[PDB]
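Asks: Protein chains in written order, with PDB author numbering: chain A, 5 to 413, 431 to 462; chain B, 7 to 394, 431 to 461.
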Amino acid sequence: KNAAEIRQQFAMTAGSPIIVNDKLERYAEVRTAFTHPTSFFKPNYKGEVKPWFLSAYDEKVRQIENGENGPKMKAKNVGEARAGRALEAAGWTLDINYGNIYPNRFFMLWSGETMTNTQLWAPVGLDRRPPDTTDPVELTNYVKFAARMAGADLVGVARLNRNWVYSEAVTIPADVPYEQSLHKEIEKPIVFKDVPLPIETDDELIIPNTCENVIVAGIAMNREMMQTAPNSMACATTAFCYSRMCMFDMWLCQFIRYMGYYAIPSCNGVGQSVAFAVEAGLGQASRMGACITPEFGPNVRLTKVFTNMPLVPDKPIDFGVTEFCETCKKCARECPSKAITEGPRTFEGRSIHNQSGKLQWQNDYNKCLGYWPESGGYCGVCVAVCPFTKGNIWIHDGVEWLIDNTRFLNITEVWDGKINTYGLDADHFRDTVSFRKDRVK
Amino acid sequence: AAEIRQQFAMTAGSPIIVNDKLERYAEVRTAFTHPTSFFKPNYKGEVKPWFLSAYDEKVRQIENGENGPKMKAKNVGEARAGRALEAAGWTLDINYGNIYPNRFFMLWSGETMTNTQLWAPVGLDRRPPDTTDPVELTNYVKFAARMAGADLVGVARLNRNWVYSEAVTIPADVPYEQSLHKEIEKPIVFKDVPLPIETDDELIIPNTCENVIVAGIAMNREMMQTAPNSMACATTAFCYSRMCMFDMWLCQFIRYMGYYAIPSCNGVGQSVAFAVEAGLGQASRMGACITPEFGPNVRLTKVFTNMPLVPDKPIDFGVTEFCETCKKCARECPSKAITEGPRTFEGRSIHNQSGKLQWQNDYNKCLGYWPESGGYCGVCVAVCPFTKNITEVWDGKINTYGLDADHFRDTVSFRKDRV
Ligand SMILES: Oc1c(Cl)cccc1Cl
Ligand SMILES: Oc1c(Cl)cccc1Cl
Ligand code: SF4
Ligand code: SF4
Ligand code: SF4
Ligand code: SF4
Numbered sequence: 005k006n007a008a009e010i011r012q013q014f015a016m017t018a019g020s021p022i023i024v025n026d027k028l029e030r031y032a033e034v035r036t037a038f039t040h041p042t043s044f045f046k047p048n049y050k051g052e053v054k055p056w057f058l059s060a061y062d063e064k065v066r067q068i069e070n071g072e073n074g075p076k077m078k079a080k081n082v083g084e085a086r087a088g089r090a091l092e093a094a095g096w097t098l099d100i101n102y103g104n105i106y107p108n109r110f111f112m113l114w115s116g117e118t119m120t121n122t123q124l125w126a127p128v129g130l131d132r133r134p135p136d137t138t139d140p141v142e143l144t145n146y147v148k149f150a151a152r153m154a155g156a157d158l159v160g161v162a163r164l165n166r167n168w169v170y171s172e173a174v175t176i177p178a179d180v181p182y183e184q185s186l187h188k189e190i191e192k193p194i195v196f197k198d199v200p201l202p203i204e205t206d207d208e209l210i211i212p213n214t215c216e217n218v219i220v221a222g223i224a225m226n227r228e229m230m231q232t233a234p235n236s237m238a239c240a241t242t243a244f245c246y247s248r249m250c251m252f253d254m255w256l257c258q259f260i261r262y263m264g265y266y267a268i269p270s271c272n273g274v275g276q277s278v279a280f281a282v283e284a285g286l287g288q289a290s291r292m293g294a295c296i297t298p299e300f301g302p303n304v305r306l307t308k309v310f311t312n313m314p315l316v317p318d319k320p321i322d323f324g325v326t327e328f329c330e331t332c333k334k335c336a337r338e339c340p341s342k343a344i345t346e347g348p349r350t351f352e353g354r355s356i357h358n359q360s361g362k363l364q365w366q367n368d369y370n371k372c373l374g375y376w377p378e379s380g381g382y383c384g385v386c387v388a389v390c391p392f393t394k395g396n397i398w399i400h401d402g403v404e405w406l407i408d409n410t411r412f413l431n432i433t434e435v436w437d438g439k440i441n442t443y444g445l446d447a448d449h450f451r452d453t454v455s456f457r458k459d460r461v462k
Numbered sequence: 007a008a009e010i011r012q013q014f015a016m017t018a019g020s021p022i023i024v025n026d027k028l029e030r031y032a033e034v035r036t037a038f039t040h041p042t043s044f045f046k047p048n049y050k051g052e053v054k055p056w057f058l059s060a061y062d063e064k065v066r067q068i069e070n071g072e073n074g075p076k077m078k079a080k081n082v083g084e085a086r087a088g089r090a091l092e093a094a095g096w097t098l099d100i101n102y103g104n105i106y107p108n109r110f111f112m113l114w115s116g117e118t119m120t121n122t123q124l125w126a127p128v129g130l131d132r133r134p135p136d137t138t139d140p141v142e143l144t145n146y147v148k149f150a151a152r153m154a155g156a157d158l159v160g161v162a163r164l165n166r167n168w169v170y171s172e173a174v175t176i177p178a179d180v181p182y183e184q185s186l187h188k189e190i191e192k193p194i195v196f197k198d199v200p201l202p203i204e205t206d207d208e209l210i211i212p213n214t215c216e217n218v219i220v221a222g223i224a225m226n227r228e229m230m231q232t233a234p235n236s237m238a239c240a241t242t243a244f245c246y247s248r249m250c251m252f253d254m255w256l257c258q259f260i261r262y263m264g265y266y267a268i269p270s271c272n273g274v275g276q277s278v279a280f281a282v283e284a285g286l287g288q289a290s291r292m293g294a295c296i297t298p299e300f301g302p303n304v305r306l307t308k309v310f311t312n313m314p315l316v317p318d319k320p321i322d323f324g325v326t327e328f329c330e331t332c333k334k335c336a337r338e339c340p341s342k343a344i345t346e347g348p349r350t351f352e353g354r355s356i357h358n359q360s361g362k363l364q365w366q367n368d369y370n371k372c373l374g375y376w377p378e379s380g381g382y383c384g385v386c387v388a389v390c391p392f393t394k431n432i433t434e435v436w437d438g439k440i441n442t443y444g445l446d447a448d449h450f451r452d453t454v455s456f457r458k459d460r461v
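#1: Of the choices B/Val274, B/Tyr265, B/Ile105, whose alpha-carbon is the least far from that of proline 200 of chain B?
#2: Beta-carbon separation of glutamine 67 of chain A and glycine 380 of chain A under 9 Å?
#3: According to DSSP, is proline 212 of chain B part of a helix, a strand, or is it coil?
#4: I believe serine 270 of chain A touches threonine 214 of chain A by the beta-carbon criterion, under 8 Å. Please report the beta-carbon distance rounded to the nearest angstrom.
#5: Near ligand 2, which residues have their beta-carbon closer than 6 Å to a heavy atom?
#6: Exposed or buried, which one is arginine 166 of chain B when buried takes at least 16 other CB atoms within 10 Å?
#7: Nearest-angstrom Cα distance between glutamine 364 of chain B and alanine 151 of chain B?
#8: Say whether chain B places a C-beta atom closer than 9 Å to the C-beta of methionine 249 of chain A.
#9: Contact between the stretch 229-239 of chain A and the stretch 431-442 of chain A: three or more CB pairs below 8 Å?
#10: Output the distance between the C-alpha atoms of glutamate 117 of chain B and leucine 124 of chain B, rounded to the nearest integer angstrom.
#11: Any chance the stretch 16-30 of chain B sits against the stretch 157-173 of chain B, with 3 or more Cβ pairs inside 8 Å?
#12: Nearest CA to the CA of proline 340 of chain B: which residue from B/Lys371, B/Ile356, B/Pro348?
#13: What did DSSP end up calling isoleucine 100 of chain B once you bin it into helix, strand or coil?
#14: Quick one: complete beta strand (DSSP E) runs, 3+ long, within the stretch 281-359 of chain B?
#15: Run the proximity test for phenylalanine 328 of chain A: is its beta-carbon closer than 8 Å to any non-hydrogen atom belonging to ligand 3?
#16: Could you give the residue range of the alpha helix (DSSP H) that holds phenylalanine 57 of chain B?
#17: Determine the extent of the alpha helix (DSSP H) in which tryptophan 125 of chain A is found, giving its start and end residues.
#18: Please list, in chain order, the chain B residues whose beta carbon lies closer than 7 Å to that of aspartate 136 of chain A.
#19: With 9 Å set as the bound, which would you pick, yes or no: does the beta-carbon of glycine 395 of chain A sit closer than that to a beta-carbon of chain B?
#20: Give the straight-line distance between the Cα atoms of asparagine 121 of chain B and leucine 209 of chain B, rounded to the nearest whole angstrom.
#21: So, under 8 Å CB-CB, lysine 5 of chain A and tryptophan 436 of chain A are touching, yes? Tell me the CB distance rounded to an integer number of Å.
#22: Can you check whether the C-beta of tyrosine 106 of chain A is within less than 9 Å of a C-beta belonging to chain B?
#23: With a threshold of 8 Å (Cβ to nearest heavy atom), would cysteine 239 of chain A be considered close to ligand 7?
#24: Within a Cβ cutoff of 6 Å, which residues of the same chain sit near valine 304 of chain A, ignoring the five residues on either side of it in sequence?
#25: Return yes when at least one heavy atom of ligand 4 lies under 8 Å from the C-beta of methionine 77 of chain A, else no.
#26: Please classify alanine 93 of chain B: is it buried, with 16 or more other beta-carbons within 10 angstroms of its beta-carbon, or exposed?
#27: Would DSSP call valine 141 of chain A helix, strand or coil?
#28: Quick check on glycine 293 of chain B: buried or exposed, where buried means 16 or more other Cβ atoms within 10 Å of its Cβ?
#29: Quick one: which chain A residues come within Cβ less than 7 Å of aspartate 157 of chain B?
#30: For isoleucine 440 of chain B versus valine 454 of chain A, is the C-beta distance shorter than 9 Å?
#31: Consider the C-beta atom of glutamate 189 of chain B and the heavy atoms of ligand 4; say whether any pair is separated by less than 8 Å.
#32: Evaluate the contact criterion for the stretch 73-84 of chain B versus the stretch 94-102 of chain A: three or more CB pairs, one atom per stretch, below 8 Å.
#33: For the putative contact between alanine 240 of chain B and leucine 256 of chain B, defined by C-beta atoms under 8 Å, what is the C-beta separation to the nearest angstrom?
#34: Counting only beta-carbon atoms, is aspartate 99 of chain B nearer than 9 Å to chain A?
#35: Quick check on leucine 158 of chain A: does DSSP put it in helix, strand or coil?
#36: Please classify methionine 263 of chain B: does DSSP put it in a helix, a strand, or coil?
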């Protein structure tokens, strides 16, 4: 199996693959089901209406008390139930309020000047010296090498399509301390202006018009843990990867800054990761709505960094995902909340949570979020059942690579079973080896 | 690899031979911190803190298009990129090694952390442990350790001989910008208290703090082989930030299981001794812990806890006898810091802890080469048999976190090999 061959075989010609029409407008981040008032509140198992994550907390507590790893899923004993939630909670250690979405706060600073690392290194002046390399070809090789050092299992580059940048971000005022953050969230416009550096004013988050490129990283989750969806160990691989995302953004932004350019981190903030990932060639959009990659299927998290560093955009990829999703529908049939549509793609949003004006399968994400308090986790059944999440999809017929159509026709054992560093799998880790030829052409 | 480690397991008992002279070692005595070794001249002849003199050499090298001492880069751009990667790798590390205990990332309680506050309604850190079985806990915590980025993990009873008698730290209210100028010494003591606690006068570890969990964090072979040049600095630096994330992740897991946990990175005590007692590897002539999987090309961090655990067995795969006749690190060392002589119980200088049988090296000679070369050397690690240009590294093989898929299978783990 040769992942590089596969990507070469299915590479497209240049151009954003996402089909759009005239009703497309940039999307206010507050509209996501996590944040919007119509979906933010959910009942707990006692019928009390709370912020959804607090209702989910109540269900986690109830499951531990009852020795369960998930809804109606008995654990080996209470200690096993306890251990799954402890692993999940610890995974979030380097993530603020589930996703690091507030731009230019906490870990997501838009300038490195106040960071302890920048201060320590200031006598070398790497962040003030003009770039010594401006060649996009060399820069792309350098920045992708750095990206792999920084924990990315996949990395791609695209020109920044502003359609996918949130019109307004969810954030907090700069004078609000952490313990009040969840009570003091606000909206703030993201605007593009003729300014030298990313800068935040009292009224606006300002991205320079020179911010040409976006670097997208894929952060692979653990197959065995995700297959326990919707139970606790799927929550744990999700959580650990959010902290890997945060480390990646900070590492990479600092490299870019020390190369003489600016860099904006984001994790789950700033813009829509799936669209950037598609335009950067990591994978294709899917019925469930995730980016499906050849290496990991949808079982991979995304983050991204925006920069004026000259780079060579990668080519999009088309390995037949749209055509398999047309006939598969497994995620839609298994979804415990019936959130995923079984119908065709449209340009018309299903509800406020969807951005209209782009051709996609339109899913009801309030229904999805509604299952999270009920199950006490982050579900993931769609990711777990997707055939592309299986590690064994690719076959070679003597001429070229193809997808095996036959693929589309417990937690104690996970704790006692195979694991490796960062939950990566040595049986497949060769798929993400990288030489210069697969970083830049 | 799991076969090899079981083949070479020793019977229980610390393999470090000590005498009646041994005393705990004050952290300020390391060459990084001690007043006799801290100040070094830069290439212009100006005496500065050693790392500021090293900074000056990094700038001079970038300006001259060099990747290291007398090592021309392909161009100035390549020189710049190696130093930018090095500087970036340190992002999650305070002042080179995170040594100040109970400051910044190294908090001895989880209570004030943003993650603990967000998770407070679940009460995992306040709920008594549901598991007290050391067998099950060893399996759980080792699984978590691998999730947290350890390539190797072992457990030993805590030997207080390797805990620093006094830590280097800063006053609690000193802002970061003044930290380097306000470092102080502070005793680490053990007392009958329920939880790790810091007073004005003391860092207090509970007498119940029975165990230490030691993690090995593998460095990249291609990059370390550029020692003493900039790409060896870069793999060193990234692994320090991996160490910090490991400590915080694992401490939070242990706390959410009902126990307490003290992170440390390069602080609190001597990592090499803990790693040997936990069975990760054997002490060596250069002074590092040599592991079967990575030789010495692996960083160490460790977490201290009262969580019940099953100690691992020390390992003997012949390192002492091989180092007896090898001496390659000693012959290649650019500062002649590593001895070609036999092991003794008497240190060569203030930087060594006397009273334990080891090869005694002159660590002020080692440090003196760092401002000269503008990096963190590592030639000894690079040339060591157990470990086995810069443009070719940048254009060549890489994978996630610098790990190597040709060897990654060696660190696969099932419960059989966890406990
Ligand atoms: O994206 C997530 C957020 Cl923002 C919160 C909890 C779980 C997930 Cl997967
Ligand atoms: O341990 C180190 C410290 Cl403490 C500073 C710089 C480089 C290294 Cl390897
Ligand atoms: S489960 Fe099937 S329909 Fe759903 S995303 Fe995967 S391939 Fe597409
Ligand atoms: S996460 Fe669960 S509830 Fe949400 S779309 Fe996927 S299967 Fe459905
Ligand atoms: S790091 Fe370099 S100078 Fe120091 S002991 Fe090793 S070879 Fe010698
Ligand atoms: S180079 Fe030889 S003598 Fe030095 S640590 Fe390695 S095996 Fe031992």
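Note that the Cβ used here is the ideal one computed from N, Cα and C, for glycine as well.
Replies: Straight from the coordinates:
#1: B/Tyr265
#2: yes
#3: strand
#4: That belief does not hold up - the Cβ atoms of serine 270 of chain A and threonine 214 of chain A are roughly 18 Å apart, past 8 Å.
#5: B/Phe38, B/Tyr102, B/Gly103, B/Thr242, B/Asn272, B/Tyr382
#6: exposed
#7: 29 Å
#8: no
#9: yes
#10: 11 Å
#11: yes
#12: B/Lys371
#13: coil
#14: 304-311
#15: yes
#16: 56-69
#17: 120-125
#18: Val82, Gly83, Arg86
#19: no
#20: 24 Å
#21: The pair is not a contact, with the Cβ atoms about 29 Å apart (cut-off 8 Å).
#22: no
#23: Ligand 7 is not part of the structure shown, which contains ligand 1, ligand 2, ligand 3, ligand 4, ligand 5 and ligand 6 as its ligands.
#24: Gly222, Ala224, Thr297
#25: no
#26: buried
#27: helix
#28: buried
#29: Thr442
#30: yes
#31: no
#32: no
#33: Not quite, the Cβ-Cβ distance comes to about 25 Å (not below 8 Å), so this is no contact.
#34: yes
#35: strand
#36: coil
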